[PDB]
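The chain below stands alone and is given in structure tokens; this is the form deposited in one PDB entry.
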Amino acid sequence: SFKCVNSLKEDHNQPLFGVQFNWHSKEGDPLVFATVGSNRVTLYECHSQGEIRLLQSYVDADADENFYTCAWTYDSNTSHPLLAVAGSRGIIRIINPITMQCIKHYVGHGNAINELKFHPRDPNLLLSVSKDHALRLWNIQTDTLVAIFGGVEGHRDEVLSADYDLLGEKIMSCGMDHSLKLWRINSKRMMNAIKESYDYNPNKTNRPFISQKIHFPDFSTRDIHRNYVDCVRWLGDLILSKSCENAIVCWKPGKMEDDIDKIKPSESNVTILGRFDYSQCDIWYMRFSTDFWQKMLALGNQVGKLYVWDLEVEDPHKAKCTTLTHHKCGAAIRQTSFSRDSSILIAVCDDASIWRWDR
């Protein structure tokens, strides 16, 4: 049961578009989260009595940059956490969270990057989704572009969100074209591509690294929402997605009995397993999050109200909703983040405020 223990506001007064706890923080280290907004990323540490201790920021050299998204990983050789950030410039920056140095950056996307996600099993595999209608899969060990998910049969407008399934065998993406698309990355072609990305060392060869051009999703639907689809999450073999229509829909491709790995690209059907309604979230780019174990789901709305669903029930439609309000929290909440142990929930807002809720 959450209580609001603290809040603060960042000095830039611009929206905080993203927040992420570091789920790779070491045993006995305090809980750390990153916020992104304006042209900066800031790290904070959670301490007792609701204390949110300010650490250090990375500020982009370009005053016109606007960071939208961040995602945590770790260096696969040293174990040290890394933070990937991206936004309107379409440049991915890999940040050393200790010093806030930009270690390296990746350019490619035709435009703004709307989301970053790391593979659940491989800390080096970074997925970016873009205003340019495409997804890109990067290997941040060998600094290679593994594949581009695009084409006529891919998204036809900005991609706003994507999520890897549990094992990182497939991705579901969504965007402004109202569609949700499945891209399997466990095909013979994609698995070989990933392996080749690891064998690539530009200093030991003459060849450039060749990226896969993936031009056909393994499933596609526009039958779930009737506006911009701005957030998607796997829930096992089921999907959770939302638009700006005041609902999270729980659904699956095919008919009720259809196995996700038996779904063919021509699949015409979807099955709706439930829908979580809420209020006043008519603006787009408003993201829900889940805890580490996927026992709960949190979403903020456009007037600063938090919705939390308990998913620890037998069927999706039986989820139990709880609400969290504070009389001074009135700005739009863009994203939430649970600490890994689920003891803390952070919400960040359009007025640069940060809200801490302790369980």
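Numbers for residues come from their place in the sequence shown, where the first is 1.
Heads up, the form deposited with a partner chain bound isn't pictured, but that's what we're talking about next.
Within this chain, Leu43 lines the site of its partner chain in the entry with it bound, having a heavy atom no more than 4.5 Å away. Although the partner is absent here, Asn192 lies well away from its partner chain in the entry with it bound, with no heavy atom inside 4.5 Å.
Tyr74 belongs to the set of residues with a heavy atom inside 4.5 Å of its partner chain in the entry with it bound. At the 4.5 Å threshold, heavy atoms of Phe21 stay clear of its partner chain in the entry with it bound, well away from it.
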